[PDB]
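Just below is one structure, and these are the notes that go with it.
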Ligand code: SF4
Ligand code: SF4
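Chains as they are written, first to last, in full-length UniProt numbering: chain A, 38 to 122; chain B, 38 to 122.
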């Protein structure tokens, strides 16, 4: 089961930022954010994902943009940015 | 007159996010978002602010949560998080 502090689907920030815990159901094709084809975009390779968040698991990680919460590594939002060198 | 796409108080996203174009009149103290003293928080030091948005001025700048629109640099909403990276 999801952590209790998972980002909720209809959290107001999640709504505004176009977060979806399943990237395949997200607006990523429409958004056309640069750096990878949309089909390759998800939280796991994002700049803002925080691997060392409290309560992180292989599936659930922090995000700079959702303080105190956990996103799904297979998620996406409109701030997706490939983590660069 | 302000940019045509300045965020209005009756914008539906604004209401959901608890945006106020005057941070001093916002809920920022009670909300106590982490990362800076709440009384110092406003759009100008927020991670979501986009200073190079089309139509921006020294007063009106972009926000990732209000695509296509301009917030006030002195504003605040409950999604505030410190600009960082
Ligand atoms: S900023 Fe990155 S890690 Fe955070 S929810 Fe959006 S895509 Fe996922
Ligand atoms: S997310 Fe940040 S920049 Fe956007 S309205 Fe809220 S406080 Fe202002």
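Note that the Cβ used here is the ideal one computed from N, Cα and C, for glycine as well.
- Going by DSSP, residue 97 of chain B is part of the beta strand (DSSP E) stretching over 97-100.
- Residues of the region 92-117 of chain A with a Cβ closer than 8 Å to any Cβ of chain B, in chain order: 101, 102, 104, 105, 115 and 116.
- Here the distance from the Cβ of residue 86 of chain B to the nearest heavy atom of ligand 1 is not below 7 Å.
- Legend: CB atoms of the region 61-88 of chain B lying less than 9 Å from CB atoms of chain A belong to residues 70, 71, 72, 84 and 85.
- At least one CB atom of chain B sits nearer than 8 Å to the CB of residue 54 of chain A.
- Exposed is the label assigned to residue 69 of chain B, since fewer than 16 other Cβ atoms lie within 10 Å of its Cβ.
- The straight-line gap separating the alpha-carbon atoms of residue 83 of chain A and residue 120 of chain A is approximately 5 Å.
- In the DSSP assignment, residue 65 of chain A falls within the unbroken alpha helix (DSSP H) covering 65-68.
- Comparing alpha carbon positions, the residue from B/61, B/43 and B/47 closest to residue 100 of chain B is B/43.
- As computed with DSSP, residue 51 of chain B is found in no beta bridge at all.
- Not a single C-beta of chain B is nearer than 8 Å to the C-beta of residue 43 of chain A.
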